[PDB]
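Novice: just need the structure, nothing else, for what follows:
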Amino acid sequence: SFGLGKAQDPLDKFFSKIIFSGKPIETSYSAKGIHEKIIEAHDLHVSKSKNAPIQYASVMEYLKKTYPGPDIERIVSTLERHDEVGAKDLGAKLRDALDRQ
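Specialist: Residues are numbered from 1 along each chain as shown. Okay, here it is:
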């Protein structure tokens, strides 16, 4: 028998571990809220700190040690395509190694 109200609606993905997936590199970086959406979905306690200390400077980069080049140029272009204010820091900084030396 056929009935209405049994199927679920499409999700915008709440996981940020898509960068290490392989094939998906558009949909995720094509949706609204790719970098600043995981803070509202849960939103608990003031400031989230686990391994990032605050003394002088805190920076972590791994997209330049195991990555060759085209992979980085792909992520930046996909982020600067829609113009996201929550991901403008991610894309621009990754594309700041070509414009700024």
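Novice: for the rest of this, base every contact and every neighbour count on C-alpha atoms.
Specialist: OK.
Novice: what segments of the chain are helices?
Specialist: Ranges of helices within the chain are 70-82, 88-94, 96-99, based on DSSP state H.
Novice: residues contacting the residue nearest to the spatial centre of the chain?
Specialist: Centroid-nearest residue in the chain, with CA atoms, centre = their mean: residue 35, separated by 4.2 Å. Shown in contact with residue 35 (CA atoms under 8 Å, 6 or more residues apart in numbering): 16, 86-87, 90.
Novice: what do you get if the cut-off is 6 Å, keeping everything else the same?
Specialist: Going by CA atoms under 6 Å, 6 or more residues apart in numbering, residue 35 touches 86-87.
Novice: and it, how far from residue 13?
Specialist: Between residue 35 and residue 13 the computed distance is 12 Å (CA to CA, to the nearest Å).
Novice: find residues that contact each of those two.
Specialist: Joint contacts of residue 35 and residue 13 (CA under 6 Å, 6+ apart) do not exist.
Novice: thinking again about what came up before, out of the helices of the chain, flag the one nearest residue 45.
Specialist: helix 88-94 (23.1 Å; CA to CA).
Novice: how distant is the closest one from the center of its chain?
Specialist: 10 Å (CA atoms, centre = their mean, to the nearest Å).
Novice: stretch 83-98 now?
Specialist: 10 Å.
Novice: endpoint to endpoint, that stretch covers what distance?
Specialist: Stretch 83-98: ends 19 Å apart by CA to CA.
Novice: show me what that stretch is in contact with.
Specialist: By CA under 6 Å, 6+ apart, stretch 83-98 touches 35-36, 76, 79.
Novice: identify the farthest-apart pair in these.
Specialist: 36 and 76 (16.2 Å).
Novice: sounds good, over and out.
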